[PDB]
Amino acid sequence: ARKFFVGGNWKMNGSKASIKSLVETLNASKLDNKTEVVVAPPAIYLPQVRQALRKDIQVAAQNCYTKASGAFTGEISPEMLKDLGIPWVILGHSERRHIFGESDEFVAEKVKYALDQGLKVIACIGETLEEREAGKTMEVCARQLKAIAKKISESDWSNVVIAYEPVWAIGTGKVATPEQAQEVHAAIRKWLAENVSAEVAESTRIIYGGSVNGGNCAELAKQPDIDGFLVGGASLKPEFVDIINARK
């Protein structure tokens, strides 16, 4: 069965002191050994975290670029991440797609380059409120996924986790039910089956990237096509532990 997966996206949040506290809390907590756990600090805190954090939680960057090196002021390469012992990267997050204009193709180029350099990737997809109102949830997810599928091989999906972000229920005032989330996750899995392969569909974790907290994580985790979470704000808090432990 697919291993339950809980990622924590810290986004642009943290100080040395707050991160020291966050890490200390994780280091003193009893975690379900059946959960694969990844945390994504801001880039400048990656060293602090990889040095202090328990080894059974892996670290991710929040973004990277599409080349090994060169004249790209402000960008980081997958080679640098590997060099510092950062095994994961989050790519195509809604905030990068919408605020920083990252296109479907640019995201797909990053996913392929990161995989080729030996990173594991949390690849983010999802639809806006306007797109959902139009009945375009799967049109959008299919488009975003197709761009990735055109760049990566069937085998390459092995080290991909798909994060479904209900952008329509992130910062909009709308909320998603576990049933609504499940419906999308099942449809994404069907897309994988029909476009990649049945084996990719059955193997690939599809994690929920909407609002996840200690209070709702158990009900979400019960859904049969939800393989875990890409947690936002709760990832900065002690209740992240409860989310890791959502199946217990």
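In this text, residue numbers run from 1 along the sequence as written.
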Review point. For the C-alpha atoms alone, is the average B factor greater in 127-135 or in 160-168, going by the entry?
Key: 127-135
Check your understanding: So which stretch wins on mean C-alpha B-factor, 150-158 or 71-79?
Key -> 150-158
Practice item. Name the one of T35, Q180, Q62, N195 with the greatest CA B-factor according to the PDB entry. Key: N195
Exercise for review: Comparing against every modelled residue in the chain, figure out the third that the C-alpha B-factor of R54 lands in (lowest, middle or highest).
Suggested key: middle
Review point. How does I86 rank on Cα B-factor within its chain, lowest, middle or highest third?
Key: highest
Revision key, fill the gap. Assert third(CA B-factor, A176) within chain per record equals middle
Revision key, fill the gap. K120: C-alpha B-factor third of its chain, per the entry, is the lowest
Practice item. Check where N9 lands among this chain's C-alpha B-factors and tell me if it's the lowest, middle or highest third. Key: lowest
